[PDB]
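If you read the protein sequences in the order shown, they are chains B and A. Residue 175 in the deposited numbering sits at position 175 of the first sequence, with consecutive numbering throughout. Residue 168 in the deposited numbering sits at position 168 of the second sequence, with consecutive numbering throughout. For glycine and all other residues, C-beta sits at the position ideal for the given N, C-alpha and C. The next block holds one structure in the form of structure tokens; read it before the comments.
There are 2 protein chains.
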Amino acid sequence: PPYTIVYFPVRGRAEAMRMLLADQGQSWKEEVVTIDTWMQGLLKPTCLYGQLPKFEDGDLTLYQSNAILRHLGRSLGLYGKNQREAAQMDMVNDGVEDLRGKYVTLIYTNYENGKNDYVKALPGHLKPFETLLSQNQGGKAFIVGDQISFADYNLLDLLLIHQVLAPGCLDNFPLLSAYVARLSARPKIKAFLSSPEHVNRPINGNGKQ
Amino acid sequence: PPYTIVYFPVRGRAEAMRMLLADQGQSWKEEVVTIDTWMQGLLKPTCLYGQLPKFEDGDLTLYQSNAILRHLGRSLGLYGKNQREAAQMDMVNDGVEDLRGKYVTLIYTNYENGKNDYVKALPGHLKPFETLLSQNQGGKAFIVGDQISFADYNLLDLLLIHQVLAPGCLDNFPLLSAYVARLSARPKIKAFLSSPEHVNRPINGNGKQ
Ligand SMILES: CCCCCCSC[C@H](NC(=O)CC[C@H]([NH3+])C(=O)O)C(=O)NCC(=O)O
Ligand SMILES: CCCCCCSC[C@H](NC(=O)CC[C@H]([NH3+])C(=O)O)C(=O)NCC(=O)O
């Protein structure tokens, strides 16, 4: 620490980490980078992969949203209780990422003409998480194990935005629905989800959700 | 252990882990799933995300290539020496995964009309790795730290398949160039890259590379 997040004025791939930091009683600084400033091309060249978010943890500067989540999961004891849970947690996050990737594609390059096919294919992409929950304490705990982890925050964020994209998409997935309500009920997460910093911040950057 | 890899008859997203197991003097079982078998629709329904590779480490079953690479690094000591290196290795791997995905799209959906543009933009996607190297002991060591990690194996594979797609794509990247020649010189890796199991197996599944 301290923690500094450099990203555009949206939730996107920074919202899950923000949620994680809040739930963990952590404080951080927001360095907002507007699209206009970005289009000037000054900062972009200084970014490892030419993209944001960029994270700062003390003398450590990081890029890649999932590397950041994993770094927090590890430095905050949110990566399972043994090596086996760490692997399962990675397997879950990689899955959350694959779906997030498809989400972004739809939102930014084919919303109007691709939304119907997306929502149609959505159940097939959600079932895997529903299945995982059913095999872990009847879905009464977390995605992996009985302790929250970095994967939970990413999964939760993705589920929350899909409910915005497609209301009722979790109606046929009771475990996922209860899971979302449960983790959302966590006091520090509930406070974050209703905080002005979050609400006043759009999900994406093209005004679509 | 023992290890078992369940994947299609191609190098694709499994060659990195195979190369890692080979370099670490590990033994594994190869269950090749032909396209004919796959199309029987019996295997896919049992895969978490309906996809391969599937990995077996004793009683642990895993999916997602990077999750498997991370698991192997964690249980074999190929994940850096501290939390700082571990995070940078994740940052590197996420970058490798991003480019590998662009590579996959090119190969399977637009090789003919996309190859020109792809090779032209490749330098921009390779430079970050050249930079990471120049900031780590002048690039005479590995991608992160002074010991081989899971990220090196994934980066090495990605670089090697790109040299096939665009020979000499590393001519303007001396560090990556020497890096590839150096890691390929490692005895267990040199034997791996020369083994019939590796040589006989095509890079991808459509005959393109
Ligand atoms: C209201 C404004 C909303 C803006 C939303 C911007 S999303 C920007 C986009 N971000 C990413 O690609 C993040 C990738 C993520 N870190 C990963 O896992 O690879 C980017 O860096 N783009 C860099 C570029 O385009 O040059
Ligand atoms: C000569 C034959 C060559 C075959 C190459 C097959 S690549 C197959 C494809 N594999 C993947 O998508 C792996 C994804 C990887 N695990 C990741 O998520 O990063 C799959 O399982 N697809 C499942 C499906 O399409 O239903």
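Those residues whose C-beta sits under 6 Å from the nearest heavy atom of ligand 1 are, from N- to C-terminal order along the chain, 8(B), 9(B), 10(B), 12(B), 13(B), 35(B), 44(B), 50(B), 51(B), 52(B), 53(B), 64(B), 65(B), 66(B), 205(B), 94(A) and 98(A). At least 8 Å separates the beta-carbon of residue 175(B) from that of residue 126(B). Per the coordinates, the alpha-carbon of residue 10(B) lies some 23 Å from the alpha-carbon of residue 169(B). Taking 8 Å as the CB threshold, residue 108(A) stays off the interface with chain B. Apart from sequence neighbours up to five positions away, no residue of its chain approaches residue 136(B) with a beta-carbon distance below 6 Å. By the rule that beta-carbons nearer than 8 Å mark a contact, residue 14(A) does not touch chain B.
Secondary structure of residue 118(B) (DSSP, three-state): helix.
Rounded to whole angstroms, residue 163(B) and residue 119(B) show a C-alpha spacing of 11 Å. Assignment of beta-bridge partners to residue 56(B) by DSSP yields 4(B) and 61(B).
Closest option to residue 158(B), judged by alpha-carbon separation, among 6(B), 56(B), 16(B) and 167(B): 16(B).
Contact between residue 19(A) and residue 189(A) holds: their C-beta atoms lie close to 6 Å from each other, under 8 Å. If only uninterrupted alpha helix (DSSP H) runs of at least 4 residues are considered, those enclosed by the segment 137-176 of chain B are 150-165. Relative to residue 56(B), the option among 115(B), 4(B), 208(B) and 207(B) whose CA is nearest is 4(B).
The CB of residue 17(B) never comes closer than 9 Å to any CB in chain A; the least such distance is about 13 Å.
Inter-segment contact for the segment 69-89 of chain B and the segment 61-73 of chain A is present: three or more beta-carbon pairs are separated by less than 8 Å. For residue 60(A), at least one C-beta of chain B is nearer than 8 Å to its own C-beta.
The three-state reading of DSSP puts residue 10(B) in coil, since its state is none of H, G, I, E or B. Within chain A, no C-beta atom comes less than 8 Å from the C-beta of residue 155(B); the nearest is roughly 14 Å away. Residue 32(A): member of the beta strand (DSSP E) spanning 28-32, first to last residue. Relative to residue 49(A), the option among 98(B), 116(B) and 75(B) whose CA is nearest is 98(B). Rounded to the nearest angstrom, the Cβ distance from residue 150(A) to residue 42(A) is 31 Å, too far for a contact under 8 Å. Take residue 75(A), set aside five residues on each side of it, and the residues of its chain with a beta-carbon closer than 8 Å to its own are 57, in chain order. Separation of residue 185(B) and residue 160(B) (C-alpha to C-alpha, rounded to the nearest whole angstrom) is 13 Å.
The criterion of a C-beta distance shorter than 8 Å is not satisfied by residue 156(A) and residue 209(A). In the displayed model, residue 127(B) falls within a helix according to three-state DSSP. 130(B) is the residue among 117(B), 130(B) and 63(B) whose C-alpha sits nearest the C-alpha of residue 96(B).
In terms of beta-carbon proximity, residue 86(B) lines the interface with chain A, with at least one pair separated by less than 8 Å. Bounds of the alpha helix (DSSP H) holding residue 88(A) are 83-109. Contact annotation for residue 48(B) against chain A: 91, 95, 128, 131 and 132 [CB-CB distance below 9 Å, chain order].
Using a 10 angstroms sphere on the CB of residue 52(B), the tally of other CB atoms reaches 16 or more, which defines it as buried.
Taking the Cα of residue 205(B) as reference, the smallest distance to any Cα among 21(B), 108(B) and 46(B) is reached at 108(B).
Secondary structure of residue 203(B) (DSSP, three-state): coil. For residue 179(B), not one C-beta of chain A is nearer than 8 Å to its own C-beta. Assigned with DSSP and collapsed to three states, residue 75(A) falls in helix.
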